[PDB]
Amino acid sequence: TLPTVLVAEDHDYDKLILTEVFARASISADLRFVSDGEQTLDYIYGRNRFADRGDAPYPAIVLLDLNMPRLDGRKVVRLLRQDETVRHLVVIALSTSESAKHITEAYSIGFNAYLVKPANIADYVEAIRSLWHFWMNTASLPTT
């Protein structure tokens, strides 16, 4: 009965990397990968492939990879924030971009936080340790 982490990520290497990062950070979590914005929203709103809420539990936190081609991040997060039923969800952007313009746009749009993807597994392990410590141990997360 581990916390579920919903991750929008379609790249096979990035999936491998993040799976490895969570294992090496010694984090116990249920990583659920989805490949586009439709599947992300279907997971959140419990539609279609994720109608059964028992096989696909509400996410404790959502990570969206902004470098993924078939994810319209602005469209996904603006929907989420304008909808009173889901607007509490913690959603964090992941991106290779270090542009202050991109970073600020993500916050403006409604992401809780933005992380620049670290350059190697070791550094990514420190970042996810930090993210997990804060969101899971220090802060209190909302409940659906």
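Numbering starts at 1 and follows the sequence shown.
Discussion item. Quick check: 128 to 136 versus 18 to 26, which has the larger average CA B-factor in the record?
Written reply: Of 128 to 136 and 18 to 26, the stretch with the higher C-alpha B-factor average is 18 to 26.
Discussion item. If you average the CA temperature factors as listed in the entry, which stretch comes out higher, 47 to 55 or 73 to 81?
Written reply: Looking at the recorded C-alpha B-factors, 47 to 55 comes out higher on average.
Worksheet entry | Out of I61, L94, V86, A119, residue topping the C-alpha B-factor column of the entry | Highest C-alpha B-factor among the listed residues goes to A119.
Fill in: Ranked C-alpha temperature factor of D65 among modelled chain residues, by third
For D65, the deposited C-alpha B-factor lands in the lowest third.
Worksheet item: By its CA B factor, does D10 count among the lowest, middle or highest third of the modelled residues in the chain?
Response: For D10, whose C-alpha B-factor we compare with every modelled residue in the chain, the answer is the middle third.
Worksheet item: What third of the chain, by the recorded C-alpha B-factor, contains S108?
Response: It belongs to the lowest third of the chain when residues are ordered by C-alpha B-factor.
Worksheet item: What third of the chain, by the recorded C-alpha B-factor, contains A100?
Response: Answer is highest: the recorded C-alpha B-factor places it there.
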